[PDB]
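Working notes, structure below.
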Amino acid sequence: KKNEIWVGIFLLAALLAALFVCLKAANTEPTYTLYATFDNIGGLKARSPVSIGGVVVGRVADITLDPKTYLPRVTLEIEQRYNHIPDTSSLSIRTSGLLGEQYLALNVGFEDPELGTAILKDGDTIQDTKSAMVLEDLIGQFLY
Amino acid sequence: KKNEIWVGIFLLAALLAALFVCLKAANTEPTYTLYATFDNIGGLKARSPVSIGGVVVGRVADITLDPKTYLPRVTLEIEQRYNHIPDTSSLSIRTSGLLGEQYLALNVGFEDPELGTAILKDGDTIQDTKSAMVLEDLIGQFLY
Amino acid sequence: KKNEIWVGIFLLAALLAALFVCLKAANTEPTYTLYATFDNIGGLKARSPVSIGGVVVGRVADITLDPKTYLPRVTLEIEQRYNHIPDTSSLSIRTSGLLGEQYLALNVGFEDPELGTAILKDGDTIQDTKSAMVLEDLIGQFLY
Amino acid sequence: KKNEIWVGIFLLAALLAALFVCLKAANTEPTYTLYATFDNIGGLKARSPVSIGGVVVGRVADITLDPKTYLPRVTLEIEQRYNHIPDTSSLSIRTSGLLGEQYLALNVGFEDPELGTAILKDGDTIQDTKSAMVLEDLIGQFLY
Amino acid sequence: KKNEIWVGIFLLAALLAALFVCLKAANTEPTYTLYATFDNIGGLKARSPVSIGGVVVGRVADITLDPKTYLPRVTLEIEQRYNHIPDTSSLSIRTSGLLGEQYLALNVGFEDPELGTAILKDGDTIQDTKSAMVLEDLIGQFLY
Amino acid sequence: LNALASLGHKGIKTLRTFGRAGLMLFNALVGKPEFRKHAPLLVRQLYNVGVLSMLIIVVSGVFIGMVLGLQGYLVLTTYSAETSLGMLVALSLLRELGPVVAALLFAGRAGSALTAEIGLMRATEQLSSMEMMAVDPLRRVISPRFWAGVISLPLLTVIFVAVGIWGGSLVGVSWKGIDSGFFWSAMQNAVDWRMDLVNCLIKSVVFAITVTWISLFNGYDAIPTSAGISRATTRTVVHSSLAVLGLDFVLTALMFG
Amino acid sequence: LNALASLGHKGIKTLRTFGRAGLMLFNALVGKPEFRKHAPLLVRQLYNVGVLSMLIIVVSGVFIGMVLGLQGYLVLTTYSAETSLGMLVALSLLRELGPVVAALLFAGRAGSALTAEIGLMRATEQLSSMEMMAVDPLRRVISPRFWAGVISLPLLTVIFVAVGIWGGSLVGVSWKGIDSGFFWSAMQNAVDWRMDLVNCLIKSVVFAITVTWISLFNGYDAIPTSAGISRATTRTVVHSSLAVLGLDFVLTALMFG
Ligand SMILES: CCCCCCCC/C=C/CCCCCCCC(=O)O[C@H](COC(=O)CCCCCCCCCCCCCCC)COP(=O)(O)OC[C@@H](O)CO
Ligand SMILES: CCCCCCCC/C=C/CCCCCCCC(=O)O[C@H](COC(=O)CCCCCCCCCCCCCCC)COP(=O)(O)OC[C@@H](O)CO
Ligand SMILES: CCCCCCCC/C=C/CCCCCCCC(=O)O[C@H](COC(=O)CCCCCCCCCCCCCCC)COP(=O)(O)OC[C@@H](O)CO
Ligand SMILES: CCCCCCCC/C=C/CCCCCCCC(=O)O[C@H](COC(=O)CCCCCCCCCCCCCCC)COP(=O)(O)OC[C@@H](O)CO
Ligand SMILES: CCCCCCCC/C=C/CCCCCCCC(=O)O[C@H](COC(=O)CCCCCCCCCCCCCCC)COP(=O)(O)OC[C@@H](O)CO
Ligand SMILES: CCCCCCCC/C=C/CCCCCCCC(=O)O[C@H](COC(=O)CCCCCCCCCCCCCCC)COP(=O)(O)OC[C@@H](O)CO
Ligand SMILES: CCCCCCCC/C=C\CCCCCCCC(=O)O[C@H](COC(=O)CCCCCCCCCCCCCCC)COP(=O)(O)OC[C@@H](O)CO
Ligand SMILES: CCCCCCCC/C=C\CCCCCCCC(=O)O[C@H](COC(=O)CCCCCCCCCCCCCCC)COP(=O)(O)OC[C@@H](O)CO
Ligand SMILES: CCCCCCCC/C=C\CCCCCCCC(=O)O[C@H](COC(=O)CCCCCCCCCCCCCCC)COP(=O)(O)OC[C@@H](O)CO
Ligand SMILES: CCCCCCCC/C=C\CCCCCCCC(=O)O[C@H](COC(=O)CCCCCCCCCCCCCCC)COP(=O)(O)OC[C@@H](O)CO
Ligand SMILES: CCCCCCCC/C=C\CCCCCCCC(=O)O[C@H](COC(=O)CCCCCCCCCCCCCCC)COP(=O)(O)OC[C@@H](O)CO
Ligand SMILES: CCCCCCCC/C=C\CCCCCCCC(=O)O[C@H](COC(=O)CCCCCCCCCCCCCCC)COP(=O)(O)OC[C@@H](O)CO
């Protein structure tokens with residue numbers, strides 16, 4: 001008919017308008033890869049956040065202990081927007097609540113002084129990589 | 001039947017008018033925006049409140065880690081009632097109990113002496129901004 | 001006459017069930033009003049109890065942060081049975097266990113030694129008072 | 001032919017739903033066996049992980065009690081990829097955060113020095129094998 | 001109809017035979033009863049287990065505060081497998097984690113010296129039995 | 001397109017089904033009070049809707065409270081918080097389980113029996129023979145059954161919560177051995193009269209209007225055959241359960257958000 | 001006494017109602033396999049029972065998971081444990097809500113449509129005219145509808161749990177702003193394949209046998225009038241909901257006790 005098509009068009013407009021009002025509400029990105037080697041990581045998993053000052057800048061997608069020396073080797077995915085981190089940076093593992101559930105804190109120890117310190121790029125390796133605390137040798141630190 | 005359509009249009013409009021009033025009252029006041037920068041904000045998410053001695057006056061809109069220095073830049077929304085805050089006023093991050101959420105303590109550093117310092121308005125920055133505590137440095141430095 | 005008897009049993013069962021919920025599952029009197037101004041009240045709320053020695057003697061009515069100094073001005077609803085409170089009293093805010101609710105610990109200054117020291121009656125204010133704790137100044141006072 | 005198409009869509013939806021639960025919501029390999037006898041295993045359980053540096057390298061079976069001395073006997077299922085563990089190693093039981101699970105922290109004695117120190121493979125025993133904690137002897141070691 | 005009754009009797013019997021097997025397997029081995037007395041048992045309820053280094057071997061049947069001296073008298077049920085525990089074996093009350101249940105630690109501290117000490121067979125008492133602990137006087141003696 | 005015209009055809013006849021439902025409830029509840037003629041009619045319908053629904057409400061409330069008491073015990077005993085079991089059982093019934101599960105069982109038992117009754121009165125021409133005696137069947141048949149459903153679901157909800165709390169204490173105190181002084185006193189200072197008892201009654205009144213209006217209309221609008229009545233009885237259970245669970249989310253975001 | 005004789009009279013005719021139900025299921029499922037005649041009959045009944053129940057299962061699962069995500073967020077945010085919301089939502093669906101609520105909606109929608117269908121086939125003498133063609137109606141009518149109900153309720157339960165977990169993450173991650181790496185990884189090492197995934201399937205198979213057997217028998221044993229069919233359709237919803245909730249307590253005490 002005539003008004004039957006105008007009713008079928010006024011509904012499909014409203015049906016896709018709510019699909020654009022909700023999917024655009026409540027918020028892909030290019031990344032690059034870093035590597036780091038710790039002694040103890042315990043509690044860190046894949047998709048754990050990487051934070052600078054409390055703001056999440058990356059993820060963790062690996063860990064994978066490596067053979068022949070038995071140390072863990074974390075692989076990071078920092079976003080492409082934060083492409084100015086120097087190589088003098090550190091990595092530490094923080095606790096974030098209870099039940100484990102650790103994350104990585106990347107402190108941008110930026111110097112850019114003499115000698116010429118290089119910006120971290122795709123494939124490089126952070127060297128400091130402090131460790132995760134254990135809580136059982138801290139009370140052995142306290143009691144002996 | 002010329003009446004079953006106009007009743008059903010009014011009935012379906014009166015349901016979604018009730019549903020829009022209900023969903024708005026679950027998810028105003030003129031406010032004025034403040035900006036501040038911290039070294040570590042850990043736990044402060046969006047919509048976390050700002051308090052005057054325990055009474056909530058403000059909010060947090062977005063966190064937004066700043067480029068070219070890599071420090072977070074939190075955006076406040078102080079309400080328009082409390083318009084005599086000096087700019088010697090401090091900020092801190094506190095826990096809200098023992099296991100609570102996180103909040104911003106707007107420590108009002110009252111001076112108003114023979115100084116001639118202004119109050120604040122939209123777009124001015126607080127320079128005190130101590131940081132949030134970590135729970136990892138203090139066990140590392142008190143217990144070594 | 002069989003249907004009207006069973007409706008009377010159905011209405012009697014719903015009244016015994018509403019008495020069981022309102023009495024065993026959930027458990028107006030003339031009061032009077034006091035005043036106090038604390039430095040920090042953090043966590044206190046309207047309809048929170050006041051207690052002398054542990055026993056509830058009144059509530060909290062409408063905290064309402066005071067202007068011109070921005071200190072919180074707590075005002076109370078103490079009940080007419082306890083009309084002998086000396087005005088050399090104290091107040092503290094305590095936490096009821098470790099993760100419990102937060103309440104006001106009205107300490108009674110049981111002296112009335114000389115001066116004919118007055119009785120808190122409607123509109124009067126308290127001076128001593130005490131401020132709640134924040135857990136960041138606890139570790140600040142411990143290890144600095 | 002309309003009914004048999006919709007049954008095929010109903011069977012396809014139940015297979016995509018079973019893949020979503022088994023992969024994103026819940027996430028046989030040849031292994032080998034190591035032996036250890038602790039003094040106290042408090043909280044440890046079958047199918048609990050073993051970890052080197054934080055990374056899971058095996059599980060726990062066989063937690064039964066050893067007669068004639070009444071000391072707990074634990075034997076492990078370490079995986080065939082990590083066939084280089086020196087038998088001068090250590091063992092510890094740790095608590096995974098503060099209220100988390102119990103796990104075995106296999107410390108690797110990375111020397112393989114003189115005398116060609118052997119490789120743990122099937123049936124071998126570990127002899128360092130520290131302890132678990134009880135929380136009573138913590139404060140007994142603190143204040144006596 | 002001579003068959004609808006004998007089928008329905010067999011069907012109703014096969015349901016309550018299934019319901020009796022199921023309810024029994026949700027709420028054996030010969031054991032031997034043991035008794036002990038404490039000064040404070042706080043938290044130890046019925047059906048709380050007894051452990052050898054972390055492995056549960058016993059139960060608790062009833063508490064039964066004894067008249068004429070007013071001390072509790074807990075009744076144990078050790079399994080018949082572990083028939084070499086001497087009369088010098090200690091008992092203690094422990095927490096099972098940090099916030100756990102409560103349990104009895106059957107410390108098998110056997111000397112078996114040059115003189116022939118006996119075995120805890122049925123109906124004999126343990127005299128070691130330290131007590132449970134309370135964190136009220138312990139804080140009251142360490143802080144005074 | 002021949003698909004857009006068929007979709008707008010179903011979108012028009014959905015609008016005048018909502019309009020027929022608004023005219024049925026308006027012409028049933030409005031005009032000439034008649035408190036003496038309708039008072040015996042209310043008591044008979046309060047038997048069919050309310051008294052005959054007490055078996056599915058009392059037996060289901062005891063089992064649901066016993067499952068809540070058993071499943072909440074195993075969670076709380078990890079953190080040594082098992083004296084808070086009565087607070088957990090009572091609050092999870094006064095919100096979200098007392099209102100919702102008693103409305104889903106009301107829609108299946110009393111909502112199906114109301115659609116089947118009215119559609120049978122049109123298949124045997126009882127509603128047309130009342131119009132011939134100059135009696136309005138919307139005021140005489142529909143409206144005593146509406147008020148019987150709005151009265152009896154708030155009364156069946158408070159019985160559901162009462163025997164559900166008793167079944168939870170039957171597991172916690174009697175079987176597991178929690179101290180009964182700690183069990184009941186932790187419940188009494190957690191349950192507020194405004195946030196918990198009044199909000200339970202607001203939910204069960206909104207649910208009672210919705211379930212009864214859907215159930216009365218689907219019998220009044222049914223096709224008066226033996227197969228068309230059974231199709232409308234199934235349509236009541238689907239439309240009532242999607243409306244109870246949908247409104248339960250909107251009222252949860254309002255009351256406790 | 002004249003009361004003890006009337007109680008023993010109802011206790012005898014309850015025994016031979018259980019005996020008629022055991023003879024109906026035994027003579028439907030036993031003898032002469034017939035895999036080729038019954039394979040087109042299974043696919044048509046798998047449409048009526050399974051495909052036509054997907055609307056009430058998908059829409060109810062999203063709303064129930066969203067209420068669980070909103071109500072569990074307000075509890076966990078007191079103790080700063082809100083990254084454990086995904087463990088709470090997934091475990092409270094794999095036990096006690098996935099099996100139970102999908103069985104109560106299966107009993108109201110597909111259980112009512114099965115009692116109404118079979119009782120209509122006896123009111124129009126379709127089952128008696130099949131015996132006159134020397135076709136057994138217990139093997140040809142009853143048994144394809146039994147296996148369609150035992151197949152489709154385990155398949156509808158796994159769809160209910162899947163869209164319920166998605167609705168819980170839709171509140172926790174998208175609206176409240178929990179870190180999505182913490183949300184999903186805390187769920188994955190809490191959900192075990194044996195204690196959680198297999199125990200969800202055992203419950204939904206025990207519920208599928210019980211609901212389908214009750215629903216097929218109440219249509220086969222109904223009084224073949226238009227009022228006797230509607231009485232048997234209501235009897236299915238009451239007997240299925242009391243049996244699902246009763247068996248849910250016994251299986252909870254076994255599996256997780
Ligand atoms: C110095 C050393 C320090 C050591 C310290 C170490 C230890 C420290 C902590 C230990 C653990 C603490 C234990 C916590 C125990 C307390 C847990 C508890 O009681 O939870 C209650 C559950 O009620 C609730 O809302 C949950 C109630 C609703 C539950 C949701 C319904 C479930 C089903 C969903 C519906 C589906 C649709 C219907 C199905 C068809 C919340 O009540 P609440 O108190 O908050 O008051 C109400 C108001 O404040 C809102 O919260
Ligand atoms: C379509 C056919 C219509 C048929 C109508 C059928 C019958 C309609 C209702 C019957 C009784 C309702 C029982 C509800 C009892 C609850 C009534 C109640 O006291 O709740 C008040 C709020 O209510 C509220 O938000 C408003 C909530 C109540 C609404 C619940 C029913 C919704 C539909 C009602 C529509 C008719 C209303 C006509 C009003 C013009 C709270 O204040 P309260 O003092 O405690 O302390 C306030 C303190 O917090 C500060 O002062
Ligand atoms: C004081 C507070 C007052 C608040 C007032 C708020 C007003 C709330 C209105 C409720 C209307 C209820 C009317 C009943 C509508 C029930 C919905 C319905 O009809 O069901 C299906 C559609 O479902 C559907 O698309 C999905 C239907 C939605 C179900 C209705 C939800 C109620 C509102 C919840 C929205 C939450 C939004 C949350 C946003 C975050 C029909 O398909 P179907 O052909 O198979 O039929 C079967 C047969 O035809 C088989 O051939
Ligand atoms: C030094 C200073 C020290 C300071 C330290 C201070 C702080 C210390 C503590 C802080 C608080 C801790 C927060 C606790 C957060 C964790 C809470 C949580 O996740 O609970 C889970 C809920 O799953 C559950 O079973 C609950 C699941 C089922 C829920 C019941 C269903 C609800 C409805 C009922 C059905 C009605 C019938 C159907 C309706 C018609 C249990 O999973 P769980 O991990 O146990 O693993 C499974 C297995 O071990 C069994 O437990
Ligand atoms: C009345 C008409 C009858 C019609 C019959 C209809 C169809 C009947 C079933 C169909 C498929 C069932 C799917 C269930 C899949 C679950 C099967 C399953 O693997 O579960 C096993 C236990 O099961 C168990 O307790 C027993 C539980 C399964 C029973 C669930 C259905 C109950 C009724 C079944 C009656 C027929 C059974 C005939 C058997 C003789 C666990 O071991 P699993 O290797 O994982 O690791 C063991 C590890 O812990 C140590 O080795
Ligand atoms: C692998 C595991 C296998 C386990 C196997 C276990 C076997 C489990 C048997 C289930 C039988 C289900 C058969 C269906 C029985 C359903 C019960 C029933 O018929 O309902 C009413 C009786 O309710 C009643 O007294 C109460 C009926 C009880 C409901 C059935 C419970 C099922 C078993 C749960 C017991 C938990 C015990 C827990 C103990 C701690 C009848 O009244 P009513 O005239 O109005 O009729 C309406 C009409 O006649 C109106 O005129
Ligand atoms: C189907 C059953 C039909 C029931 C029929 C309807 C039931 C009733 C409806 C609405 C409630 C009426 C409104 C209440 C009237 C008063 C409303 C009001 O705001 O006044 C409050 C008094 O509270 C009051 O004493 C009134 C409180 C007394 C308790 C009465 C509450 C009604 C209980 C509801 C029944 C539960 C049954 C359903 C259970 C599932 C003052 O503030 P409140 O003192 O806090 O602070 C001050 C303090 O801190 C000291 O200064
Ligand atoms: C409607 C859908 C129809 C589904 C059709 C039926 C689904 C399947 C039924 C029963 C399961 C089959 C029995 C499992 C066979 C194996 C049974 C078994 O006991 O073997 C275990 C292996 O586990 C294994 O790899 C087998 C584990 C692999 C995972 C397969 C589990 C089946 C998942 C269930 C589907 C979920 C869908 C429903 C979701 C609601 C060994 O012990 P486990 O290694 O632990 O310790 C050792 C470790 O610590 C290292 O030494
Ligand atoms: C106390 C305060 C609370 C009160 C709560 C009030 C809530 C209760 C009000 C009315 C219910 C009374 C019954 C109303 C009618 C029952 C619902 C209905 O409309 O029926 C069918 C559903 O259509 C359907 O696809 C379901 C269609 C969608 C249902 C509407 C969803 C709810 C409203 C969201 C707006 C969406 C607009 C678009 C979103 C922007 C339409 O039949 P259809 O044509 O197939 O003909 C074929 C054959 O089935 C009958 O002719
Ligand atoms: C865990 C459980 C917790 C305890 C639960 C206790 C049990 C539940 C308590 C109260 C609910 C009872 C509601 C009272 C209903 C009374 C209303 C009534 O009389 O209804 C008539 C019969 O109803 C009826 O089905 C008679 C109702 C019978 C009630 C069910 C009792 C079953 C007891 C044996 C079961 C053995 C199981 C194992 C038990 C150890 C229906 O006829 P109608 O009006 O149309 O015309 C008149 C003419 O036909 C009646 O002769
Ligand atoms: C996979 C493994 C799991 C499988 C699970 C199996 C469970 C499913 C099995 C069979 C259900 C099939 C349908 C069976 C029949 C449906 C239940 C039934 O018996 O029907 C009525 C209930 O009677 C009633 O009072 C309900 C009566 C009590 C129901 C029995 C409770 C459950 C068994 C507890 C024993 C109690 C003994 C005493 C306790 C010591 C009796 O009609 P009545 O005479 O009124 O005539 C008048 C008119 O209603 C029909 O003639
Ligand atoms: C929050 C929700 C989350 C998302 C939920 C998405 C919605 C749900 C998704 C999938 C379930 C759909 C199941 C697919 C069913 C398909 C099976 C089917 O075709 O059934 C026929 C119609 O069914 C039907 O009611 C047609 C089913 C319609 C499905 C409902 C769509 C409603 C959309 C507009 C609502 C506006 C509300 C506001 C939205 C913004 C029944 O005829 P029957 O076979 O006997 O003979 C043939 C001849 O009669 C059919 O022409």
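Note on naming: chains are A, B, ... as they come in the structure tokens, residues start from 1 per chain, ligands start from 1 in the order shown.
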If you take only C-alpha atoms and a cut-off of 7 Å, which residues of chain A touch chain D, and what are their nearest atom pairs and distances in Å to one decimal, in chain and number order, as CSV?
residue,atom,partner,partner_atom,distance
A:39,CA,D:53,CA,6.2
A:40,CA,D:53,CA,4.4
A:41,CA,D:54,CA,5.2
A:42,CA,D:54,CA,3.9
A:43,CA,D:54,CA,6.6
A:65,CA,D:55,CA,6.3
A:71,CA,D:53,CA,6.7
A:72,CA,D:53,CA,6.7
A:98,CA,D:97,CA,5.9
A:99,CA,D:100,CA,4.4
A:100,CA,D:97,CA,4.3
A:143,CA,D:142,CA,6.7
Could you fit chain B onto chain A by least squares over every C-alpha atom, paired in order, and give me the moved chain as a tab-separated table (two decimals) with C-alpha atoms, in the first residue's frame?
chain	number	residue	atom	x	y	z
B	1	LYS	CA	0.90	-3.22	2.19
B	2	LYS	CA	4.10	-1.82	0.59
B	3	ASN	CA	4.67	0.51	3.55
B	4	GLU	CA	4.44	-1.75	6.58
B	5	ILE	CA	7.51	-3.62	5.32
B	6	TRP	CA	9.70	-0.62	4.53
B	7	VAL	CA	8.85	1.02	7.85
B	8	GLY	CA	9.52	-2.21	9.74
B	9	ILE	CA	12.84	-2.73	7.99
B	10	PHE	CA	13.95	0.81	8.85
B	11	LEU	CA	12.69	0.40	12.42
B	12	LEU	CA	14.46	-2.92	12.98
B	13	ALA	CA	17.64	-1.53	11.45
B	14	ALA	CA	17.49	1.55	13.67
B	15	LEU	CA	17.23	-0.66	16.75
B	16	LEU	CA	20.21	-2.88	15.97
B	17	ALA	CA	22.21	0.14	14.86
B	18	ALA	CA	21.50	1.58	18.29
B	19	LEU	CA	22.37	-1.75	19.91
B	20	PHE	CA	25.67	-2.06	18.02
B	21	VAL	CA	26.74	1.50	18.89
B	22	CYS	CA	25.86	0.87	22.54
B	23	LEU	CA	27.66	-2.46	22.83
B	24	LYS	CA	30.78	-1.09	21.12
B	25	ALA	CA	30.94	1.85	23.53
B	26	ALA	CA	30.91	-0.47	26.56
B	27	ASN	CA	33.33	-3.32	25.83
B	28	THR	CA	40.65	4.55	19.67
B	29	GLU	CA	44.30	5.62	19.61
B	30	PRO	CA	47.29	4.34	17.62
B	31	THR	CA	49.59	2.42	19.95
B	32	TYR	CA	52.93	0.65	19.67
B	33	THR	CA	53.75	-2.77	21.05
B	34	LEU	CA	56.42	-3.60	23.63
B	35	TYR	CA	57.46	-7.02	24.94
B	36	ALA	CA	58.95	-7.94	28.29
B	37	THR	CA	59.75	-11.10	30.27
B	38	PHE	CA	59.41	-11.64	34.03
B	39	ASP	CA	60.23	-14.37	36.51
B	40	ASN	CA	56.81	-14.21	38.17
B	41	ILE	CA	53.79	-12.16	37.10
B	42	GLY	CA	51.26	-13.38	39.65
B	43	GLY	CA	47.91	-11.65	39.29
B	44	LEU	CA	48.61	-9.75	36.06
B	45	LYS	CA	45.79	-10.72	33.74
B	46	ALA	CA	44.89	-9.42	30.30
B	47	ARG	CA	43.70	-5.79	29.95
B	48	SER	CA	45.59	-4.76	33.06
B	49	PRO	CA	46.87	-1.18	32.75
B	50	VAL	CA	50.38	0.29	32.65
B	51	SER	CA	51.00	3.47	34.61
B	52	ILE	CA	53.37	6.45	34.61
B	53	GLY	CA	53.50	7.41	38.29
B	54	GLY	CA	49.79	6.61	38.66
B	55	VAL	CA	48.48	7.76	35.25
B	56	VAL	CA	47.38	4.92	32.99
B	57	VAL	CA	49.03	4.97	29.56
B	58	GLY	CA	49.19	1.32	28.48
B	59	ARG	CA	47.48	-2.06	28.54
B	60	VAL	CA	48.23	-5.79	28.50
B	61	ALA	CA	47.06	-7.91	25.55
B	62	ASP	CA	48.15	-11.52	26.21
B	63	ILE	CA	50.48	-13.28	28.67
B	64	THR	CA	51.85	-16.28	26.70
B	65	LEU	CA	54.42	-18.28	28.70
B	66	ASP	CA	57.36	-18.79	26.36
B	67	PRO	CA	58.55	-22.28	25.34
B	68	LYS	CA	62.17	-23.55	25.64
B	69	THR	CA	62.84	-21.43	28.75
B	70	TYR	CA	59.42	-21.34	30.56
B	71	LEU	CA	59.19	-17.62	31.33
B	72	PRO	CA	56.14	-15.40	30.73
B	73	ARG	CA	56.25	-12.83	27.93
B	74	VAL	CA	53.79	-9.98	28.42
B	75	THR	CA	52.85	-7.78	25.44
B	76	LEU	CA	52.35	-4.08	26.18
B	77	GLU	CA	50.47	-1.38	24.25
B	78	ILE	CA	51.96	2.03	25.04
B	79	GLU	CA	50.09	4.99	23.57
B	80	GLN	CA	51.69	7.02	20.77
B	81	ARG	CA	51.74	10.27	22.75
B	82	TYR	CA	54.53	9.36	25.17
B	83	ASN	CA	57.34	8.88	22.66
B	84	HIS	CA	60.43	9.86	24.58
B	85	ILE	CA	60.81	6.85	26.87
B	86	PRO	CA	64.45	5.70	27.14
B	87	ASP	CA	65.46	2.08	27.17
B	88	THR	CA	66.95	2.34	30.65
B	89	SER	CA	63.37	2.53	31.75
B	90	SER	CA	62.34	-0.09	34.31
B	91	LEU	CA	59.20	-2.17	34.87
B	92	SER	CA	57.71	-3.48	38.10
B	93	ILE	CA	54.48	-5.12	39.24
B	94	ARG	CA	52.50	-3.35	41.96
B	95	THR	CA	49.28	-3.89	43.84
B	96	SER	CA	47.12	-0.72	43.31
B	97	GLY	CA	46.20	-0.01	46.92
B	98	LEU	CA	46.21	-2.66	49.61
B	99	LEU	CA	43.87	-5.19	47.99
B	100	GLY	CA	43.63	-3.84	44.44
B	101	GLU	CA	44.00	-5.55	41.14
B	102	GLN	CA	47.68	-5.60	39.90
B	103	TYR	CA	49.42	-3.10	37.61
B	104	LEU	CA	52.66	-2.47	35.75
B	105	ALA	CA	54.74	0.42	37.06
B	106	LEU	CA	56.64	1.89	34.10
B	107	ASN	CA	59.46	3.41	36.11
B	108	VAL	CA	61.10	5.85	33.69
B	109	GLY	CA	64.84	5.57	34.28
B	110	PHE	CA	65.76	8.97	32.85
B	111	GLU	CA	69.41	9.28	31.93
B	112	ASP	CA	69.85	10.97	28.49
B	113	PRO	CA	73.56	11.84	29.15
B	114	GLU	CA	76.49	11.89	26.76
B	115	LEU	CA	75.57	8.25	25.86
B	116	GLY	CA	73.61	8.32	22.58
B	117	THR	CA	70.93	5.77	23.46
B	118	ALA	CA	67.75	5.54	21.35
B	119	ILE	CA	64.16	5.82	22.49
B	120	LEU	CA	62.13	2.70	21.50
B	121	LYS	CA	59.60	1.60	18.89
B	122	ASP	CA	57.41	-1.39	17.96
B	123	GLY	CA	58.97	-4.67	19.01
B	124	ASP	CA	61.72	-3.68	21.43
B	125	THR	CA	62.31	-5.30	24.81
B	126	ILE	CA	62.83	-3.95	28.33
B	127	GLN	CA	65.46	-5.85	30.32
B	128	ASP	CA	64.86	-4.49	33.84
B	129	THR	CA	61.56	-6.24	34.80
B	130	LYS	CA	62.03	-7.04	38.51
B	131	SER	CA	59.18	-9.51	39.34
B	132	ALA	CA	55.91	-9.64	41.24
B	133	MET	CA	56.26	-10.42	44.92
B	134	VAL	CA	54.78	-13.55	46.42
B	135	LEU	CA	54.01	-12.98	50.10
B	136	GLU	CA	55.41	-16.49	50.78
B	137	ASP	CA	59.17	-16.04	50.48
B	138	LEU	CA	59.30	-12.96	52.71
B	139	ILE	CA	57.59	-14.58	55.68
B	140	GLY	CA	59.84	-17.57	55.05
B	141	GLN	CA	63.06	-15.55	55.10
B	142	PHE	CA	62.42	-12.73	57.57
B	143	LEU	CA	60.84	-15.05	60.15
B	144	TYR	CA	62.73	-18.25	59.11
* Asked: With distances taken over only C-alpha atoms, which of G:41, G:155, G:148, G:171 is nearest to residue 216 of chain G?
  -> G:148
Between chain G and chain A, at 12 Å or less, what are the per-residue closest atom pairs and their distances in Å? Count only C-alpha atoms, order by chain and rising residue number, and return it as a tab-separated table.
residue	atom	partner	partner_atom	distance
G:77	CA	A:97	CA	11.8
G:79	CA	A:97	CA	9.5
G:80	CA	A:97	CA	7.1
G:81	CA	A:97	CA	7.3
G:82	CA	A:97	CA	9.8
G:83	CA	A:101	CA	8.9
G:84	CA	A:99	CA	9.5
G:170	CA	A:26	CA	9.5
G:171	CA	A:26	CA	10.1
G:172	CA	A:26	CA	11.2
G:173	CA	A:26	CA	9.2
G:174	CA	A:26	CA	5.6
G:175	CA	A:26	CA	6.2
G:176	CA	A:26	CA	9.2
G:177	CA	A:26	CA	8.9
G:178	CA	A:49	CA	11.8
G:179	CA	A:49	CA	8.2
G:180	CA	A:47	CA	8.3
G:181	CA	A:47	CA	4.9
G:182	CA	A:48	CA	6.6
G:183	CA	A:47	CA	9.9
G:184	CA	A:47	CA	8.8
G:185	CA	A:45	CA	7.6
G:186	CA	A:101	CA	8.1
G:187	CA	A:101	CA	11.9
G:188	CA	A:45	CA	11.0
G:189	CA	A:45	CA	10.5
G:190	CA	A:99	CA	11.8
